[PDB]
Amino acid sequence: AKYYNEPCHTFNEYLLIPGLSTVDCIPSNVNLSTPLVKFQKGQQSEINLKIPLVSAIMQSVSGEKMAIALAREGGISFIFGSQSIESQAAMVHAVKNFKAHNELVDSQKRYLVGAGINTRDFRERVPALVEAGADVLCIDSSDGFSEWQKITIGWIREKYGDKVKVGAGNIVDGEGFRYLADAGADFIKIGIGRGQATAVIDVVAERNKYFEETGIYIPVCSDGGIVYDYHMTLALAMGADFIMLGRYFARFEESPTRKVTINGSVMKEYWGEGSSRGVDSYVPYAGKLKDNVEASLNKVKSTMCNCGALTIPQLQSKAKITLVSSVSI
């Protein structure tokens, strides 16, 4: 067996120590754009998000209403692939053709959308999603450190080359990152076997090494493990380019689930992809996406300024991160 010295930590065991704030660092001046897909040294990503938030590839969160509402604020949704190929493509088409502000829009001024895909029916599913207008694809899996991901990406590259953008994984260490990077993934999702903070720190380190070695920068996504807005700032500071959230978005008016009034409290349904529908429960109703996202990002921008950073890249180089003692928590 191979053992690891330091134990892995969660986002709750960390704190950002303030840096120097200049007079020009005010929330309104903070830029939250981030690259969504890989590019090489000297270039910009073909797709850049206006806000570093993306919605999870789930039935209870990423539907057409969520996709439209999120794209309007600058983020992107990955319509769930846990439905028929015909239904998913229909949903993708619905978002693309909806029209007829930090809106994430394409050349034809249509909202951007991503779609989740699996390692089984990709041959039939990918073409349908591409035809429907999907802007980005992401292989949905809790453990993407497998041949199956390599094969799926390979088929896509053979059939479409670099025309089709495929995100992949859910790896927790540099070894898994490296494997998917070589396989051809446009961005890599982090999160499973390891505390979220350590996973991010380790993968980002490998990602940086890979960039110095190949000149190719692959954006990484922290998927889950975020319990508070502060954790959002921490994930980005540690090197994640954007964050994927499930429960956070399922509370909104736009999530596909039903609102349920349980003795005074209005809730929304929420179940996991691995549920027999994994969990099935409720999240407190929070209203419309816009107002909530705005509240969250305003707090992220302020924290960024406490760290003396006007952009995510600055935050990532300037951030002073410290571990907190168990007793302190």
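The first residue of the sequence shown is number 1, and the count goes up from there.
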According to the PDB record, deposited residues with no modelled atoms between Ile192 and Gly193 number 10 or more
Deposited residues absent from the coordinates between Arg277 and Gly278, none, 1 to 3, 4 to 9, or 10 or more?
10 or more
The stretch whose C-alpha atoms carry the larger average B-factor in the entry, 7-15 or 21-29, is 21-29
Should the higher mean CA B-factor in the entry be assigned to 35-43 or to 281-289?
281-289
From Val136, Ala94, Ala185, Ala71, pick the one with the largest CA B-factor in the entry?
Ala94
For the listed residues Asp143, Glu253, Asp121, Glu206, which one has the largest C-alpha B-factor as given in the deposited model?
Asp121
Would you mind ranking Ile262 by its C-alpha B-factor against the rest of the chain and naming the third, lowest, middle or highest?
highest
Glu147: CA B-factor among chain residues, third -> middle
For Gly246, does the deposited CA B-factor place it in the lowest, middle or highest third of the chain?
lowest
Splitting the chain's C-alpha B-factors into thirds, which one does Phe177 fall into?
lowest
Relative to the other modelled residues in the chain, which third contains the C-alpha temperature factor of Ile201: lowest, middle or highest?
lowest
